[PDB]
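Read the single chain below, which is given as structure tokens and is the form deposited without the ligand.
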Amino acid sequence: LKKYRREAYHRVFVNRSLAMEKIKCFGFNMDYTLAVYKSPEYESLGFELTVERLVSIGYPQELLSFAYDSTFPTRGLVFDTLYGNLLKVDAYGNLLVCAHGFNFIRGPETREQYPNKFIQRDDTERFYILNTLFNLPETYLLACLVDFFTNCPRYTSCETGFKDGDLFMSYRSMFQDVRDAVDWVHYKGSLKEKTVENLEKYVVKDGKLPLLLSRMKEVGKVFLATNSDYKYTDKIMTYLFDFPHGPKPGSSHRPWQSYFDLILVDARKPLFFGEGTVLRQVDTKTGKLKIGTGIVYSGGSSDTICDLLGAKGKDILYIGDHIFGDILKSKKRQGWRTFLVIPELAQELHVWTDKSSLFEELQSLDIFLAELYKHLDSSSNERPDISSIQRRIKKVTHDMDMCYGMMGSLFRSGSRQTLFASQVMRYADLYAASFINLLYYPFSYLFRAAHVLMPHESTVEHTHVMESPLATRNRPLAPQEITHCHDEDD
């Protein structure tokens, strides 16, 4: 008899144990959480507006000929502003994939610029990490620009940039313009305007969303905290809740503000989680602001929101798409529980199941490889020919990589977890492809964390078998109750 689990595309995955019965408040991000933007239409829109901004700022007209390719970028890549490389790294800074423009650099060639295949993530001045879903157009745009100036006769390829005659143009300064142009497109309203004049093309609409939020408000409180203003929030949220019937069958429609006990616009994260700004009330009918204490607020801080709701830290589950540093934990008051929305998880779960032949063949090659060394020890002079097997492993592994995209899986490359995956294991108590998967779990559910096995755990059976004394080293009242309570959330 095996353990029961819900369907794979309906599950909420557990990183740290969480008792849902103790949750009193449900907090939501808006962008890419409640308002899931259609891929790759939204990435293509941000890509176009950023290219237009760069062209209107002095960049050549050939950039207008670029088109966003959703098959290339993968979230969490590191851009080397010194050499103009997009880097896929592991949890400790080791290099997994290195792309200069559109050319993927092989192993021995990589050691010319990275002698130990290692980068220091601390070097924030040199390395820029593209972790957000808004960074997806920026990720592909950086590759197009490095590719363009590298294969352009008017420019001269160099180690740290390009030459336009007797004038040098570094990757760092070029990266600055791309950074300023993306900030411009987002903070000038160019992207917001094109979005709210065509919600059906860019914003996903689902009736499951008002159903889950209504059930959350029956067992506790629900609040919204978005960096966007109220105007853009009102248009987006009205679209997300525009249905002829209400949540329950046969019921009538009610405004989206009815599902929230507290609505907070202009959050200004991540400053929001520290001191933030002064909290000010918002008059929706007029747009007038007034500091101090309706349900629509502006600015403030996460602690001010925590106090207005009468909740405490661990009573809140914050649901969003963003990964934040250990700045909320460093506070002297309790931090929130986290639910990380990872939209890529939908396509990655399809590869995990609908490509079983690639996984099964990969395991068969490893069993066959282990048989060739089955009879060998430190006295064996033999060297079994594995060139044919390894060459087949690399082909199958690469075919699996291309199932996710040119940059491979978001969570791993081969046997190594990516830097992004380790940041998920750090920040997210729970994670899924969408917050809507909570609809398939009771509000009294006990989310239990799955053990993450080390090599000496996953490759050793619990079955019972002289041992060398070099390993055994020749081999206060004890507690009677459990010394830890991080698996029951009690």
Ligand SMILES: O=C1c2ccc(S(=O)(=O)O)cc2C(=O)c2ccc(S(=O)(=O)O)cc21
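Heads up: residue numbers just count along the shown sequence, starting at 1.
Missing here is the form deposited with the ligand bound; even so, the following discussion is about that form.
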Could you tell me which one of 270, 246, 220, 313 places a heavy atom within 4.5 Å of the ligand in the bound PDB entry?
270
Can you work out which of 253, 163, 235, 121 has a heavy atom no more than 4.5 Å from the ligand in the bound PDB entry?
121
Taking any heavy atom pair closer than or equal to 4.5 Å as contact, tell me whether residue 278 reaches the ligand in the bound PDB entry.
no
4.5 Å heavy atom contact, residue 322 and the ligand in the bound PDB entry:
yes
Do residue 131 and the ligand come within 4.5 Å of each other in the bound PDB entry, heavy atoms counted?
yes
Can you work out whether residue 423 and the ligand are in contact in the bound PDB entry, taking contact to mean some heavy atom pair no more than 4.5 Å apart?
yes
Quick check for you: of 350-358, 322-330, 153-161, 302-310, which stretch puts a non-hydrogen atom within 4.5 Å of the ligand in the bound PDB entry?
322-330
